[PDB]
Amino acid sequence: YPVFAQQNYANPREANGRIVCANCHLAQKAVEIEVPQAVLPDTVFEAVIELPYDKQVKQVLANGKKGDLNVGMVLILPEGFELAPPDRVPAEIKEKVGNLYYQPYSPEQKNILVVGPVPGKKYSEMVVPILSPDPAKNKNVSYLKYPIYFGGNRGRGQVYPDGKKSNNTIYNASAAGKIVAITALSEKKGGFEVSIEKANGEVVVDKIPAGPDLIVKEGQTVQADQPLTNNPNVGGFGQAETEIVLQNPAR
């Protein structure tokens, strides 16, 4: 979630350009973003983003069942650019923005916006109203061709802030040995217990949450860290970059 980014990363974009959502949303899926080629200072314009995905395909949810995918994103604009305040947003654009609450990444990064989680079915494509700065009143800005970076995600991540795997990812054998037991963990609550008999005779019990399916059977020999399940992830995070020229009005 964007909140996870904000809570554990001071800056969403790293030196090499990767967005930190990618440290947890481990699958890549294209995204798109479009802004006008140029804009006059102190004027509102639109950033149209798209986080496409097959809406017919459901994902593994935290509770183990299957369900809809939700979306979120992080937008990195040049210093001085910001979310346009409502009073500056023309009605027809508000219409297209809909019911979304773009928030600044932090109070000190108003040029960095985020939104999500929100339903992917409804917000697969979003519009963001941006107010351009004015080089005249802001010494940190000039009449340049500026880059804009975007990170769009749809679907649950593979690992939490603590570094533990979510149930929406691949599970692996903790040790090498013979699977002498696969117990349908909990009563209709999902998950399994896979007992691996190590070569020394010790049995360790791997806990598999409900969601991913098993690809191993009783009596099967697995190598250390060998996969015991499929990869249930159907979502993904994508990055796109664009640019806009801050025009120098003239008279």
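Counting begins at 1, following the sequence as shown.
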item	value
Average Cα temperature factor in the PDB entry - higher stretch of 214 to 222, 185 to 193	185 to 193
Stretch exceeding the other in mean C-alpha B-factor - 77 to 85, 149 to 157	77 to 85
Most elevated Cα B-factor in the entry, residues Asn172, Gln103, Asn111, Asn140	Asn140
Out of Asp68, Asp42, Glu202, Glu34, residue topping the C-alpha B-factor column of the entry	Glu202
Chain-relative CA temperature factor third for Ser166	middle
Chain thirds of CA B-factor: placement of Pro107	highest
Cα B factor band for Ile244 (lowest, middle or highest third within the chain)	lowest
Chain thirds of CA B-factor: placement of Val128	lowest
Chain thirds of CA B-factor: placement of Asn16	highest
